[PDB]
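K.L.:
Give me coordinates for this.
(2 chains)
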Amino acid sequence: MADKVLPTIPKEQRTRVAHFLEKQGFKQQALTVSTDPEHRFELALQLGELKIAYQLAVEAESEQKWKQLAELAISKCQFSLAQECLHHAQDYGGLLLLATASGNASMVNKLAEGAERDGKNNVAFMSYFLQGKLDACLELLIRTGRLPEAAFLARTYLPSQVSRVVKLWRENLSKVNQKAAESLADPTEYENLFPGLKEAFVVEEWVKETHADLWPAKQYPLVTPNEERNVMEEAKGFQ
Amino acid sequence: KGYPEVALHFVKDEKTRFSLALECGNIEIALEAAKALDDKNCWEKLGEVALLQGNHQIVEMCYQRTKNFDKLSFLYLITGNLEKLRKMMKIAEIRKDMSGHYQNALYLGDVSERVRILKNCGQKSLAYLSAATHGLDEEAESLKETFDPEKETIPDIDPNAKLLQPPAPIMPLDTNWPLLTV
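P.N.:
Numbers count the residues shown, from 1 in each chain, chains lettered A, B, ... in the order given. Take a look:
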């Protein structure tokens, strides 16, 4: 009966009543009448026509929508898309949590790009590492003035930037003269670098490694490939 | 200043001494001073500075009370050895967490965090994503089913980034770092 009336209601009317309908709990039906982007939106949150919600979003026109929505999407476990929205949002933090949990390089490159974006030094490093990229970690340091720290990495996992880098750090120190403050040596004397001969470089292990990076470590797994990184690793690594 | 030999002719209270400890940079006096400092910030700058001047063997301690725990952890993972971080991991995991477990996992393969993690999540989702490769996707499914599952779509993420790097023989780690005033 009402439907005959329905033509003979418009804009705003629909809204009020929609709220009534919503009160009725005739959410779907409430959806059908739906009439305000906001109105549609909130209801949409309740409702979850997911795709449908997207169309309403269309171009959302507010990350806040995406943020709100992201939580919702994620709940529905409509991730493929969620990723698209979140990505669309480029809302890195939550998105990272998923991406990381299954794992992914690709995410990492784009993200790397992002990593560059973020404005505090630390996250970006994990990324660089995570990717496996000393190089990236070290380059990053150059901008931030992480210098003592950069040396440790450069030493540990040797890109022998310890030599290069140390000179520069030392130079800062140098600026701030005093001989102790200057501090000096790479192959020999103070440090014996390559003459010490101990644990962050060489070819053979490295060759084995070269491959290693390429295969999946294995134990028993899924399509989501292996790498391990534990006891075993220590042993071969020494070899 | 001209030498801390100067410091020696005269100087006083730990507070004063401290001032000297910066002014000279008298970090000898600092050491004690530090002990006696406890004006945090004071420290707080200082261990680094101490490092900056030298010795992380010591610096680690300094930082230890300082609650730059993560930082120390970072030092440990930087270096190419495995335990210390793990106890620490225990001892901060044990002190709650929602975004931090991550620290333990990467340099590792295996994590135990997952046992805990699932509890925070408990949607079998995380548990699967994480799970599958030890050849263990399966338990994550068992619960997931039990629930009345809710997964239905996923995004890219197939393990594809390298958790690799650290320190095979020749050209170190650095537990301890040598130097020289020269």
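
K.L.:
which residues are contacting stretch A:5-20?
P.N.:
For stretch A:5-20, the surrounding residues in contact (C-beta atoms under 8 Å, 6 or more residues apart in numbering or on different chains) are A:30, A:33-36, A:39, A:43. Quick note: C-beta positions are derived from backbone N, CA and C, even for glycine.

K.L.:
From the centroid of the chain, which residue is nearest?
P.N.:
Answering for chain A, as no chain was given. residue A:96 (3.9 Å; C-alpha atoms, centre = their mean).

K.L.:
was after chain B, sorry
P.N.:
In chain B, the residue lying closest to the centroid (C-alpha atoms, centre = their mean) is residue B:73, at 2.0 Å.

K.L.:
what's that residue in contact with, if anything?
P.N.:
Counting by C-beta under 8 Å, 6+ apart, residue B:73 touches B:84-85, B:88-89, B:103.

K.L.:
how about 7 Å then?
P.N.:
Applying C-beta atoms under 7 Å, 6 or more residues apart in numbering or on different chains, we find residue B:73 in contact with B:85, B:88, B:103.

K.L.:
Pick out the most distant pair among the contacts of stretch A:5-20.
P.N.:
Checked with C-beta to C-beta, these reach their widest spread between A:30 and A:36, with 11.9 Å between them.

K.L.:
more neighbours, these two?
P.N.:
residue A:30 (22 against 14; other C-beta atoms under 10 Å in any protein chain shown).

K.L.:
From chain A, how far out is residue B:182?
P.N.:
Applying C-beta to the nearest C-beta, to the nearest Å, the value for residue B:182 to chain A is 6 Å.

K.L.:
Now do the helices in chain B.
P.N.:
Secondary structure of chain B by DSSP state H: the helices cover B:5-9, B:14-23, B:27-35, B:41-53, B:56-64, B:69-79, B:83-93, B:102-105, B:113-120, B:125-131, B:138-147.

K.L.:
just those helices: most buried one?
P.N.:
When neighbours are counted by mean count of other C-beta atoms under 10 Å in any protein chain shown, the highest per-stretch mean among these falls to helix B:125-131, a mean of 23.

K.L.:
Excluding sequence neighbours, find me the nearest residue to residue B:154.
P.N.:
Setting aside the residues directly before and after it, residue B:154 is nearest to residue A:79 in space (C-beta to C-beta, 6 or more residues apart in numbering or on different chains), at 5.2 Å.

K.L.:
Would you enumerate the residues in contact with the one you found?
P.N.:
Shown in contact with residue A:79 (C-beta under 7 Å, 6+ apart): A:98, B:153-155.

K.L.:
and with 6 Å instead?
P.N.:
Residues near residue A:79 by C-beta atoms under 6 Å, 6 or more residues apart in numbering or on different chains: B:153-155.

K.L.:
try residue A:134
P.N.:
Neighbours of residue A:134 in contact, by C-beta under 6 Å, 6+ apart: A:157, A:159, B:165.

K.L.:
residues near the last one, how many?
P.N.:
Here the neighbour count serves as a burial measure; for residue B:165 (other C-beta under 10 Å) it reads 24.

K.L.:
repeat for the first one
P.N.:
Residue A:157 is surrounded by 25 other residues when neighbours are defined as other C-beta under 10 Å.

K.L.:
three-state assignment of the residue nearest to the centre of chain A?
P.N.:
helix (DSSP: H, G, I helix; E, B strand; the rest coil).

K.L.:
how much space is there between it and residue A:111?
P.N.:
Going from residue A:96 to residue A:111 by C-beta to C-beta, to the nearest Å gives 7 Å.

K.L.:
now residue B:177
P.N.:
The value you get for residue B:177 to residue A:111, if C-beta to C-beta is used, is 32 Å.

K.L.:
neighbour count winner among those two?
P.N.:
residue A:111 (27 against 18).

K.L.:
Could you pull up phi and psi at that one?
P.N.:
For residue A:111, the backbone dihedrals (degrees, to the nearest 10) come out as phi -60, psi -40.

K.L.:
if I pick the closest residue to residue A:22 other than its chain neighbours, what's in contact with it?
P.N.:
Leaving out its chain neighbours, the residue that sits closest to residue A:22 by C-beta to C-beta, 6+ apart is residue A:30, at 4.5 Å. The contact partners of residue A:30, by C-beta under 6 Å, 6+ apart, come to A:18, A:21-22.

K.L.:
tell me which of the residues you listed is nearest to residue B:60?
P.N.:
Of the contacts of residue A:30, the one sitting nearest to residue B:60 (C-beta to C-beta) turns out to be residue A:22, at 60.2 Å.
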